[PDB]
Amino acid sequence: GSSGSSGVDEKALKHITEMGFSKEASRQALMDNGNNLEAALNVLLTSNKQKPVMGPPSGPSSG
C-alpha cells in the first residue's frame, strides 16, 4: 500500500463497487480473500441473496 492503507487494494475495491457493493463489504472481502479482485465479488455475492448467472446453460453432457 501507499501512504499507509488498509489491507485492501483500492484499485480492486472500486472496480467492484461499480457493481453496487458497499465499500465496507468489498473492502473487507478483498482483505479476506487476500486482495483477490475476483474472489472478492464471489464472497460479496454468495453472502448476498443472489443467484449465480453463468451465461447460457452449456451443460457437461446431454444425459
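In terms of determination method, the entry is listed under solution NMR.

**Q** Sorry if this is basic, but what is going on with the packing of helix α1 (residues 10-17) against helix α2 (residues 23-32) here?
**A** The description of two helices packed together rests on the angle between their axes and the distance between the axes. Relative to each other, α1 and α2 sit at 135°, their axes nearing to 9 Å. For the element pair α1 / α2, the angle class is oblique. For the crossing formed where α1 meets α2, the hand is right-handed. Residues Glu10, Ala12, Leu13, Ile16 and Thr17 of α1 form the contact with α2, whose own contacting residues are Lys23, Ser26, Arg27 and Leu30. Taken together, the residues of the contact of α1 with α2 sort by class into four nonpolar, two polar and three charged.

**Q** It is not clear to me how the nonpolar core should be interpreted in this structure. Could you clarify?
**A** The tendency in soluble globular proteins is for nonpolar side chains to be buried side by side. Judged by nonpolar contacts, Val8, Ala12, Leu13, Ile16, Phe21, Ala29, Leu30, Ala40, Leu41 and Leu44 together constitute the single largest core of 10 residues. If you list the elements that add at least two residues to this core, you get α1, α2 and α3 (37-47).

**Q** Just to check I follow, could you spell out the environment of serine 6 for this structure?
**A** Mapped onto the fold, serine 6 is located in the segment before α1. Put simply, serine 6 and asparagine 36 are 30 residues apart on the chain and 14 Å apart in space, counted from C-alpha to C-alpha. Leaving out residues up to four positions away in the same chain, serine 6 has contacts with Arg27 and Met31.

**Q** What is the right way to read the pattern of salt bridges from this model?
**A** Pairs can form between side chains of opposite charge once their charged atoms are near each other. Under the criterion given, the structure shown has one salt bridge. A salt bridge links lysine 23 to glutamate 10; the shortest N-O distance between them is 3.8 Å. Taken as a pair, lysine 23 in helix α2 and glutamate 10 in helix α1 lie far apart in primary sequence, 13 residues in all. Taking the relative accessible area as the measure of exposure, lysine 23 reaches 48% and is therefore partly exposed. Assessed through its relative accessible area of 41%, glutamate 10 is described here as partly exposed.

The rules behind these values
- Residues numbered from 1 in each chain as written, not as in the entry; some residues may be left out.
- Heavy atoms only, no water.
- Axes fitted to C-alpha atoms, helices over the stretch in contact; angles between N-to-C directions.
- Helix = DSSP H or I, 4+ residues; strand = E, 2+ residues; numbered from the N terminus.
- Parallel < 35°, antiparallel > 145°, perpendicular 65-115°, else oblique.
- Left-handed = near helix turned anticlockwise from the far one by under 90°.
- Contact = heavy atoms within 4.5 Å.
- Nonpolar A, V, L, I, M, F, W, Y, C, P; charged D, E, K, R; others polar.
- Core = buried A, V, L, I, M, F, W, Y, C linked by side-chain atoms within 4.5 Å.
- Buried < 20%, exposed > 50% of the residue type's maximum accessible area, 1.4 Å probe, protein only.
- Salt bridge = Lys/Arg side-chain N within 4 Å of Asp/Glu carboxyl O.

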